[PDB]
Amino acid sequence: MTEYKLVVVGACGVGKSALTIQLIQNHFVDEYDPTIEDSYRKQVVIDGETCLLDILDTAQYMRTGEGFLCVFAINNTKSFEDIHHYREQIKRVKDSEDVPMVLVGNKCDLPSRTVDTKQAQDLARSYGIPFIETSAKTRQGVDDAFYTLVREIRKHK
Ligand SMILES: Nc1nc2c(ncn2[C@@H]2O[C@H](COP(=O)(O)OP(=O)(O)O)[C@@H](O)[C@H]2O)c(=O)[nH]1
Ligand SMILES: [Mg+2]
Ligand code: NA
């Protein structure tokens with residue numbers, strides 16, 4: 001079966017771990033030690049295809065990543081501001097401009113929003129990447145974010 005190595009990056013507190021655990025374990029974590037960096041697997045079906053996802057939740061495996069989720073939180077302007085740092089890291093570690101990537105705006109369940117959809121869509125367009133709005137709490141968008149990334153890897157191959 002086809003394996004996809006995915007890496008989740010972004011500022012502390014955006015929901016990288018919550019997004020990962022919701023995908024893998026089907027539950028929402030209200031707190032998750034921010035120093036734990038681990039890799040997590042789930043065999044899933046994406047568009048009818050069975051595949052293995054190896055997901056590195058960051059906090060010697062970044063460089064082997066085939067696609068990256070760049071996460072910010074929609075009530076965390078600072079995390080949005082930091083996205084360019086993580087995009088550039090990824091370019092450098094892959095030595096490429098064309099790396100499969102998805103911009104994820106998480107915590108969409110929260111009303112105290114400060115990054116609007118247009119802002120984020122504009123950033124995504126400046127990188128040529130999809131933008132997906134998620135909630136790790138509700139599950140909105142979660143599969144779509146990871147599965148879109150897999151679809152970007154599929155195209156890239
Ligand atoms: N309301 C809400 N809280 C979230 C969401 N995702 C994460 N959180 C919370 O935000 C905090 C940080 O999440 P965490 O996954 O540890 O962020 P990380 O540092 O990026 O791994 C925790 O208290 C999570 O419960 C979400 O979509 N909605
Ligand atoms: Mg974490
Ligand atoms: Na503003």
# chains A, B, ... in the order shown; residues from 1 in each chain; ligands from 1
$ select_by_dssp --residues "region 76-125 of chain A" --states "strand (DSSP E or B)" --output "VMD selection string"
chain A and resid 101 to 106
$ residues_around --residues "region 102-114 of chain A" --least-positions-apart "2" --cutoff "8 Å" --atoms "only C-alpha atoms" --output "list in words"
residues 14, 15, 68, 69, 70, 71, 72, 73, 74, 75, 76, 77, 100, 116, 120, 124, 129, 130, 131, 132, 133, 134, 135, 136, 137, 138, 145, 148 and 149 of chain A
$ write_last_selection --atoms "C-alpha atoms" --output "short mmCIF file (atom, residue, chain, number, x, y, z; two decimals), in the first residue's frame"
data_model
loop_
_atom_site.label_atom_id
_atom_site.label_comp_id
_atom_site.auth_asym_id
_atom_site.auth_seq_id
_atom_site.Cartn_x
_atom_site.Cartn_y
_atom_site.Cartn_z
CA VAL A 14 -2.26 26.62 17.12
CA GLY A 15 -3.52 23.09 17.41
CA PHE A 68 3.46 19.70 5.06
CA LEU A 69 0.51 21.30 6.91
CA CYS A 70 1.34 24.85 7.88
CA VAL A 71 -1.04 25.67 10.71
CA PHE A 72 -2.13 28.91 12.27
CA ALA A 73 -5.15 29.64 14.49
CA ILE A 74 -7.83 32.09 13.34
CA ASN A 75 -7.83 33.80 16.77
CA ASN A 76 -4.06 34.06 16.87
CA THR A 77 -2.72 36.86 14.69
CA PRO A 100 3.29 19.82 -1.36
CA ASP A 116 -10.19 36.80 8.27
CA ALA A 120 -5.64 33.79 4.73
CA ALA A 124 -2.30 30.87 0.42
CA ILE A 129 -1.32 26.36 -2.05
CA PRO A 130 -4.76 25.34 -0.80
CA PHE A 131 -6.25 26.97 2.28
CA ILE A 132 -8.44 24.90 4.56
CA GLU A 133 -10.37 26.08 7.65
CA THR A 134 -10.52 23.58 10.50
CA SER A 135 -11.63 22.89 13.99
CA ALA A 136 -9.86 20.13 15.87
CA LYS A 137 -12.59 20.52 18.49
CA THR A 138 -15.58 19.92 16.18
CA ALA A 145 -6.82 19.31 5.50
CA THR A 148 -6.01 17.63 0.52
CA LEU A 149 -2.36 17.39 1.37
#
$ atom_distance --atom1 "CA of residue 6 (chain A)" --atom2 "CA of residue 118 (chain A)"
26.2 Å
$ residues_around --residues "region 29-44 of chain A" --least-positions-apart "3" --cutoff "6 Å" --atoms "only C-alpha atoms" --output "VMD selection string"
chain A and resid 18 24 50 to 59
$ select_by_dssp --residues "chain A" --states "alpha helix (DSSP H)" --output "PyMOL selection string"
chain A and resi 16-25+77-81+83-94+117-127+142-156
$ decode --residues "region 3-93 of chain A" --atoms "C-alpha atoms" --output "CSV table (one decimal), in the first residue's frame"
chain,number,residue,atom,x,y,z
A,3,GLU,CA,2.5,5.5,2.3
A,4,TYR,CA,2.5,9.2,2.7
A,5,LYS,CA,4.8,11.0,5.1
A,6,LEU,CA,3.2,14.2,6.4
A,7,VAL,CA,4.5,16.8,8.7
A,8,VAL,CA,2.5,19.3,10.7
A,9,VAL,CA,4.3,22.7,11.5
A,10,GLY,CA,3.4,26.1,12.9
A,11,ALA,CA,3.6,28.2,16.0
A,12,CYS,CA,3.1,26.8,19.5
A,13,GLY,CA,-0.5,26.7,20.5
A,14,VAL,CA,-2.3,26.6,17.1
A,15,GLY,CA,-3.5,23.1,17.4
A,16,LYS,CA,-0.9,20.9,15.6
A,17,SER,CA,-1.3,18.2,18.2
A,18,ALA,CA,-5.0,18.6,18.5
A,19,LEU,CA,-5.4,18.3,14.7
A,20,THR,CA,-3.2,15.2,14.6
A,21,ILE,CA,-5.0,13.5,17.5
A,22,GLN,CA,-8.4,14.2,16.1
A,23,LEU,CA,-7.3,12.6,12.8
A,24,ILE,CA,-5.6,9.6,14.3
A,25,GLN,CA,-7.6,9.0,17.5
A,26,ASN,CA,-10.9,10.6,16.7
A,27,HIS,CA,-10.9,12.8,19.8
A,28,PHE,CA,-10.3,16.3,20.8
A,29,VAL,CA,-7.5,17.1,23.3
A,30,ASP,CA,-8.1,20.0,25.6
A,31,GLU,CA,-4.4,20.2,26.5
A,32,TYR,CA,-1.4,18.4,25.1
A,33,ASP,CA,2.2,18.9,26.4
A,34,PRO,CA,3.8,21.3,23.9
A,35,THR,CA,7.1,19.6,24.2
A,36,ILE,CA,5.9,16.2,22.9
A,37,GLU,CA,7.0,15.7,19.3
A,38,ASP,CA,5.9,12.3,18.0
A,39,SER,CA,4.9,10.4,14.9
A,40,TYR,CA,1.4,8.9,14.6
A,41,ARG,CA,-0.1,6.5,12.0
A,42,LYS,CA,-3.6,5.6,10.8
A,43,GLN,CA,-4.4,3.5,7.7
A,44,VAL,CA,-7.2,5.5,6.1
A,45,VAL,CA,-9.3,5.7,2.9
A,46,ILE,CA,-8.9,8.8,0.9
A,47,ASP,CA,-11.1,9.2,-2.2
A,48,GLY,CA,-11.6,5.5,-2.1
A,49,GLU,CA,-7.8,4.7,-1.9
A,50,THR,CA,-6.4,2.8,1.1
A,51,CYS,CA,-3.1,4.3,2.3
A,52,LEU,CA,-0.9,4.7,5.3
A,53,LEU,CA,-0.3,8.1,6.7
A,54,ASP,CA,2.8,8.7,8.8
A,55,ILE,CA,2.3,12.0,10.5
A,56,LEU,CA,5.1,13.9,12.3
A,57,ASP,CA,3.6,16.4,14.9
A,58,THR,CA,6.4,18.8,15.5
A,59,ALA,CA,7.0,20.7,18.7
A,60,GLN,CA,15.8,13.4,11.3
A,61,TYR,CA,12.3,13.0,10.0
A,62,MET,CA,11.4,16.5,8.9
A,63,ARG,CA,13.6,16.2,5.7
A,64,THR,CA,11.8,13.0,4.6
A,65,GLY,CA,8.4,14.6,4.7
A,66,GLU,CA,6.5,14.5,1.4
A,67,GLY,CA,3.9,17.1,2.4
A,68,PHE,CA,3.5,19.7,5.1
A,69,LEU,CA,0.5,21.3,6.9
A,70,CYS,CA,1.3,24.9,7.9
A,71,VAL,CA,-1.0,25.7,10.7
A,72,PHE,CA,-2.1,28.9,12.3
A,73,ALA,CA,-5.2,29.6,14.5
A,74,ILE,CA,-7.8,32.1,13.3
A,75,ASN,CA,-7.8,33.8,16.8
A,76,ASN,CA,-4.1,34.1,16.9
A,77,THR,CA,-2.7,36.9,14.7
A,78,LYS,CA,0.9,36.1,15.8
A,79,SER,CA,0.6,32.6,14.6
A,80,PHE,CA,-0.5,33.8,11.2
A,81,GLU,CA,2.4,36.3,11.1
A,82,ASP,CA,4.8,33.4,11.7
A,83,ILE,CA,3.6,31.3,8.8
A,84,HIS,CA,6.3,32.6,6.4
A,85,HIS,CA,9.0,31.4,8.7
A,86,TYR,CA,7.7,27.8,8.5
A,87,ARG,CA,7.1,28.0,4.7
A,88,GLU,CA,10.7,29.0,4.3
A,89,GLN,CA,12.0,26.3,6.6
A,90,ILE,CA,10.2,23.7,4.5
A,91,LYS,CA,11.6,25.0,1.3
A,92,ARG,CA,15.1,24.9,2.7
A,93,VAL,CA,14.8,21.5,4.2
